[PDB]
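Student: Residue numbers (the authors' numbering), protein chains in the order written: chain Y, 338 to 355; chain M, 2 to 138, 146 to 423; chain N, 6 to 26, 64 to 149, 175 to 204; chain H, 2 to 181.
The structure that follows is given in the form of structure tokens.
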Amino acid sequence: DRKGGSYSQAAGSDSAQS
Amino acid sequence: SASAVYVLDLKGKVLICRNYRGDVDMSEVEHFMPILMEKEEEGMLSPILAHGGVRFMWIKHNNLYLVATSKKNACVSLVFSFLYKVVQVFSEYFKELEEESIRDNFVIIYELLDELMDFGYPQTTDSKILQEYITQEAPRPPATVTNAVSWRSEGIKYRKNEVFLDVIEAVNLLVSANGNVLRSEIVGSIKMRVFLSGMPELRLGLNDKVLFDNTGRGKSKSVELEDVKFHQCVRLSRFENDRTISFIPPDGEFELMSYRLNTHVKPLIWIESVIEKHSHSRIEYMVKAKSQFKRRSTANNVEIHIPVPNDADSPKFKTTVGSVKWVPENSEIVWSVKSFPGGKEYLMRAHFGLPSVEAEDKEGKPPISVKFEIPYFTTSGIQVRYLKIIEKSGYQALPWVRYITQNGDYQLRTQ
Amino acid sequence: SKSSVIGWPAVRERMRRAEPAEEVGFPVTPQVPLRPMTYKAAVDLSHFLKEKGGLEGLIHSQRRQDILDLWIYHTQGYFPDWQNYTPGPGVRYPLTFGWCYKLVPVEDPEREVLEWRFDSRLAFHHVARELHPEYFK
Amino acid sequence: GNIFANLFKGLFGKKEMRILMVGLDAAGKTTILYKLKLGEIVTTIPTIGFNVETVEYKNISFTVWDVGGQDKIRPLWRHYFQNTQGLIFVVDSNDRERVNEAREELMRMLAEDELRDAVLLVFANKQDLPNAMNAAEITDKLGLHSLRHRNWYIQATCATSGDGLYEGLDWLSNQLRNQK
Ligand SMILES: Nc1nc2c(ncn2[C@@H]2O[C@H](COP(=O)(O)OP(=O)(O)OP(=O)(O)O)[C@@H](O)[C@H]2O)c(=O)[nH]1
Ligand SMILES: [Mg+2]
């Protein structure tokens, strides 16, 4: 855990925009 | 166009001096202290002084003033930027910025000052790059300084490829005494701690309103960042062409982009405070805090500062949730709340005495500032879409990011 | 996907209940991944919707589309931006490649009645990209 | 926490209480205070400043803070209003022209929101001449019954004799202390 909000994984790019 | 960059102290003694052009005599620093004292005592004190034909432009540090003398029509903005870069380099090299390290790190301090700027024109300012050529515990300079990429040293290898992001929000509200908010702006801050192998070219992608409009998806929740300030690694041309945020992340923690857009929504925390201050008899503080944020978000470490009287004594706090303590050093009541669930309402009833003898001079009405910090809550609604980590060797990155919502210049004007 | 299968009937019922024509904030699930919908994911979702039914032939509405996008985001973590249709008038193709769902007339493009129609050629032919190359970059 | 020490102290008497001495000049306030403390009619010069004394009776330290009735000291009564629990008003029934001034001063002192818990204590001073009024005519003239949320009690005390001081002290103790 960590104060200020748990870290979340990020995507690689806009998969819906090609 | 600084003539001599010097570091002063609280007693007027120059801890360290390093002339760059020699056009200003080293004895002019002695008159800087009397000039600063005269300016402070008359209300005309400014960061840029003027000793006849020589201007002493410098900023105020934690314990010493980094005054940089100049004689010609040098760029004040350039001098300020050089001073800020020097302060950042000192902070990176030395964990403390005080007189304890000035007199103990002179051997490396002199070398850093000499290498940073020559003839008044700075050339190297990257702490990470500068740490490979000037150390306090010498090889040839790294090719990063000579190469175009001066913010990412080549050859960096790590066991894992993890990049931690930090979407820190700054909720600043300027609420007047009439109850209306005048300045309500939210400044984003995307600080990432990139730790990867090699020199990856990060391709940051977010749900920007401009990008959504260009792609044709200008109908969902998009962050309308009025001003976007990218870092040095971020390519300005790529962002100006098609809103492409492509840059090489540095090794360590650094600020990639700093969004800043106005906010037209209601404040997350609403403070309804009253002042039933009797004429030299007593005072009442009917302060009520209303949380307008979402109930799913909790404002951890909520500290709504209520400015109490300076000469108030024997105060009593009648609150509901959270501990209320009065600090005589700050002359205010700190309404500290550990956990503040969204939609909660905390009511406090202050009661403090007052001396019979009236004060000789007025003390003013400092604004009430809250210290709410709700993690995992993005007020602007901006969400990261993708992060294109591309490396020539080829590796599977594991990017990470967290959203933190806090209070910036969230002050409330008093009556 | 057991969760997706369970949510499909409730989502279809909610969409049917809403006619064809209060809380502030944007909470985010802790540790829940958020990313745009992929072409393979869009194709799988379209195939699942076609097999289960309730989406093919249903009257297209803003409320129903928003509810479906919100349910998809909740059950999968996909941003509600890939469920976009090409501007009218006429048949609107999905903006995101791989989507098998499209809007076709049922009778100003805003007042034209549109319904969701399955189209397997959407996952293979970039009709939306070809129609709007500028929007695809 | 433990309150055994407090109970032990209260078993033999712990409460002390406070009191105030205000009123017009030459109203017997200094003489009344001297009689309460010592028990003799001591002649003193007019109180330019103030006199502070204490009286020990009924196991309660009744501290008396005499305040003069001078014009320059009339607005100085607010200094003693801080950390004050009691208040005693000394009327001057032998001064018909000064009766209105004393009533106005009492009304001004009683019209402050800081002094609310101090119960009214009207003492009929100079109760030795035939011109002195009774215990009801003075109260009726001063309108003591119209003081909302004020517990006032009119008592006649003779400065030369000292009669009625014990009754006033008992009334003050009963108003301050609400125990057996
Ligand atoms: N002879 C006589 N004089 C009284 C009596 N009661 C009040 N006085 C008058 O009241 C005055 C009392 O003054 P002090 O005892 O010195 O104190 P005080 O009442 O506060 O008067 P100031 O000091 O002027 O404020 C005396 O000078 C008397 O003239 C009384 O019963 N007999
Ligand atoms: Mg006297």
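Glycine included, each C-beta is placed from N, C-alpha and C at the ideal position.
If you follow the beta strand (DSSP E) that residue 209/M is in, where does it begin and where does it stop?
Tutor: 209-214
Student: Helix or strand or just coil, what does DSSP make of residue 38/M?
Tutor: Three-state DSSP puts residue 38/M in a helix.
Student: Following the continuous alpha helix (DSSP H) through residue 89/M, name the residue where it begins and the one where it ends.
Tutor: Following the DSSP letters along the chain, one finds residue 89/M inside the alpha helix (DSSP H) bounded by residues 77-94.
Student: Which runs of the beta strand (DSSP E) at least 3 residues long sit entirely within the region 34-103 of chain H? Give them in chain order.
Tutor: 51-58, 61-68 and 90-93
Student: For residue 138/N, go through chain Y and note every residue whose CB falls closer than 7 Å to its CB, in chain order.
Tutor: Within chain Y, the residues near residue 138/N are 353.
Student: May I ask whether a heavy atom of ligand 1 can be found less than 7 Å away from the beta carbon of residue 126/H?
Tutor: It does: the Cβ of residue 126/H is within 7 Å (strictly closer) of some heavy atom of ligand 1.
Student: Rounded to the nearest angstrom, what separates residue 118/H and residue 34/H at their Cα positions?
Tutor: 22 Å
Student: Return the residue from the list 401/M, 18/M and 360/M that minimises the CA-CA distance to residue 115/H.
Tutor: 360/M
Student: Taking only the alpha-carbon atoms, compute the straight-line gap between residue 323/M and residue 128/M and give it to the nearest angstrom.
Tutor: 49 Å
Student: For residue 79/N, count the other beta carbons within 10 Å of its own beta carbon; 16 or more makes it buried, fewer makes it exposed. Which is it?
Tutor: By the neighbour-count rule (16 or more Cβ atoms within 10 Å), residue 79/N is buried.
Student: Need the endpoints of the beta strand (DSSP E) that residue 331/M sits in, please.
Tutor: 331-335
Student: When Cβ atoms are compared, which residues of the region 80-95 of chain H fall closer than 8 Å to chain M?
Tutor: Across the region 80-95 of chain H, CB contacts with chain M closer than 8 Å involve 80, 82 and 83, in sequence order along the chain.
Student: If you measure from the CB of residue 327/M, is any heavy atom of ligand 1 nearer than 7 Å?
Tutor: no
Student: Consider the Cβ of residue 402/M: report whether some Cβ of chain N lies at a distance smaller than 8 Å.
Tutor: no
Student: If the cut-off is 8 Å on Cβ atoms, which residues from the region 102-118 of chain H count as contacting chain M, listed in chain order?
Tutor: 113, 114 and 115
Student: Report back the beta-carbon spacing between residue 132/N and residue 81/N to the nearest angstrom; my notes put them in contact at under 8 Å.
Tutor: With 8 Å as the limit, residue 132/N and residue 81/N do not qualify as a contact, their Cβ atoms being about 24 Å apart.
Student: Going by alpha carbons, who is nearest to residue 60/H out of 11/H, 130/H and 2/H?
Tutor: Check the Cα spacing between residue 60/H and each of 11/H, 130/H and 2/H: the tightest is with 11/H.
Student: Going along chain Y, which residues have a C-beta under 7 Å from residue 124/N?
Tutor: 353
Student: Just reading off the beta strand (DSSP E) that residue 177/M is part of, what are its end residues?
Tutor: 170-183
Student: Measuring only from the beta carbon, is residue 36/H closer than 7 Å to any heavy atom that is part of ligand 2?
Tutor: no
Student: Which residues does DSSP pair with residue 119/M in a beta bridge?
Tutor: 122/M
Student: Tell me whether the beta-carbon of residue 87/H lies closer than 8 Å to the beta-carbon of residue 19/H.
Tutor: yes
Student: Quick one, are the C-beta atoms of residue 299/M and residue 379/M less than 8 Å apart?
Tutor: no
Student: Just to confirm the assignment: which complete beta strand (DSSP E) runs, minimum length 3, are found wholly within the region 215-288 of chain M?
Tutor: Counting only runs of 3 or more, we get 235-238, 253-255, 260-270 and 277-280.
Student: Can you tell me the Cα-Cα spacing of residue 340/Y and residue 106/M, whole angstroms?
Tutor: 35 Å
Student: So with CB distances below 9 Å, who are the chain H contacts of residue 290/M?
Tutor: 114 and 115
Student: Mind checking whether residue 412/M and residue 174/M have CB atoms under 8 Å apart?
Tutor: At a Cβ-Cβ threshold of 8 Å, residue 412/M and residue 174/M count as neighbours.
Student: Taking any Cβ of chain H, which residues in the region 281-313 of chain M have a Cβ under 7 Å from it, in chain order?
Tutor: 286, 289 and 290
Student: Is the beta carbon of residue 47/M sitting closer than 8 Å to the one on residue 22/M?
Tutor: no
Student: Compute the Euclidean distance between the alpha carbons of residue 137/M and residue 343/M, then round it to the nearest angstrom.
Tutor: 45 Å
Student: Out of 249/M, 330/M, 44/M and 229/M, point me to the one whose CA is closest to residue 309/M's CA.
Tutor: If we check each option's Cα against that of residue 309/M, 330/M comes out closest.
Student: Among 207/M, 420/M, 40/M and 313/M, which one has its Cα closest to the Cα of residue 341/M?
Tutor: 313/M
Student: Should residue 76/N be flagged as near chain Y, meaning a C-beta pair shorter than 8 Å?
Tutor: yes
Student: Keeping to the same chain, check which residues put their C-beta closer than 7 Å to that of residue 111/N; ignore five residues upstream and five downstream.
Tutor: 122 and 125
Student: Any heavy atom of ligand 2 inside 7 Å of the beta-carbon of residue 52/H?
Tutor: Yes, since a heavy atom of ligand 2 falls inside the 7 Å radius drawn around the Cβ of residue 52/H.
Student: Residue ranges of each beta strand (DSSP E) run of no fewer than 3 residues wholly in the region 46-72 of chain M, ordered along the chain?
Tutor: 56-61 and 66-71
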